[PDB]
Amino acid sequence: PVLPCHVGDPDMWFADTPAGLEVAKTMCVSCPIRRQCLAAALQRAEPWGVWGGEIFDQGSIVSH
Amino acid sequence: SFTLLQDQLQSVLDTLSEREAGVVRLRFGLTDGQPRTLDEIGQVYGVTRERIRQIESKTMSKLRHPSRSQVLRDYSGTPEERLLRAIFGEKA
Ligand code: SF4
């Protein structure tokens, strides 16, 4: 069951630029477990990275 | 089975930077069996305890991420089993 984040470099989901994070967010859109990944990352309060097609910051979504 | 876990864990850690994998190995005692404090790791690398704290937090997040963690799904006491339980919590 291919997940988009099994494609390319894992560090794409922890990119050092806004443009890099936008690419990772776009990869997640077609993920078959996207909403489950988002829910679980919120529960764990992931400190950074793209999870469920959203950017995390100290367990919060960067929405703007 | 346990040797295959050790091999797979090594392969996942080898996808991190030397510094990233080094902080995780020293924190969990993966090489020498002795977990090290953020303080001890700062002294070894000549980096602030605060930067080591940030690296540990950010790297554990990378290791939970399915991009790195998926392969480990198939798989207490040992450093390897403790790292597994820090990545997967209850799923161990
Ligand atoms: S939603 Fe989660 S699992 Fe799916 S591609 Fe994005 S990060 Fe990977």
Side-chain angles (χ1 to χ4, degrees), chain A, chain B residues 1-30 35 38 41 47 50-76 78-92:
Chain A
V2 115
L3 309 180
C5 63
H6 294 149
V7 179
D9 172 8
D11 281 350
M12 284 180 35
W13 280 266
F14 300 89
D16 54 26
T17 67
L21 291 175
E22 205 192 6
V23 168
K25 282 183 69 169
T26 300
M27 296 285 278
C28 288
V29 170
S30 73
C31 184
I33 67 170
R34 190 189 81 207
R35 290 202 169 90
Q36 301 102 299
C37 182
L38 180 60
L42 282 168
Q43 202 261 322
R44 292 191 310 272
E46 290 295 348
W48 78 326
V50 170
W51 308 76
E54 298 297 340
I55 297 154
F56 279 65
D57 182 9
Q58 308 290 345
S60 296
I61 304 306
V62 176
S63 78
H64 184 52
Chain B
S1 53
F2 184 71
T3 58
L4 265 156
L5 164 60
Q6 296 181 293
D7 284 350
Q8 190 58 256
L9 255 186
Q10 187 186 309
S11 291
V12 174
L13 292 170
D14 290 350
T15 74
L16 298 168
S17 77
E18 287 171 45
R19 185 47 54 83
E20 282 171 334
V23 166
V24 170
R25 284 206 181 90
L26 291 173
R27 267 305 270 146
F28 281 84
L30 274 179
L38 295 172
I41 300 172
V47 166
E50 177 54 30
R51 292 182 183 174
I52 299 300
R53 188 188 70 77
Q54 292 181 17
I55 295 165
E56 170 191 53
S57 180
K58 284 184 167 179
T59 305
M60 289 303 307
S61 187
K62 284 185 164 182
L63 288 173
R64 280 187 306 266
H65 200 270
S67 54
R68 282 183 166 101
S69 75
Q70 184 80 66
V71 64
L72 283 175
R73 287 231 161 259
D74 289 343
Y75 302 85
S76 189
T78 67
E80 290 85 349
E81 285 171 316
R82 297 191 158 157
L83 180 48
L84 259 192
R85 286 195 339 177
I87 296 168
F88 290 106
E90 64 179 51
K91 288 189 189 253

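Proteins get letters first, then strands, A, B, ... in listed order; numbering begins at 1 in each. Just so you know, ligand 1 is whichever comes first in the structure, and atom 1 is the first atom listed for that ligand.
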Correct closest heavy-atom pair for B:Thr78 and B:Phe2 would be OG1-CE1, 3.5 Å
Any donor-acceptor pair under 3.5 Å linking the side-chain atoms of B:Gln54 with those of B:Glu50?
yes
Which residue pairs pass the salt bridge (charged side-chain N to carboxylate O under 4.0 Å, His left out) test when at least one of the two sits in residues 30-42 of chain A, sequence neighbours left out?
none
Leaving waters out, which protein N, O or S atoms fall under 2.8 Å from atom 8 (Fe) of ligand 1?
A:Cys5 SG
Going by the side chain to side chain contact (heavy atoms under 4.5 Å, CB included) test, name the single residue among B:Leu5, B:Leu72, B:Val24, B:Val12 that passes it with B:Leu83.
B:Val24
Please report the shortest heavy-atom distance between A:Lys25 and A:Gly53, naming the atom on each side.
CE-O, 3.3 Å
For the OG atom of A:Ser30 and the CG atom of A:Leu3, what is their distance to the nearest 0.5 Å?
9.5 Å
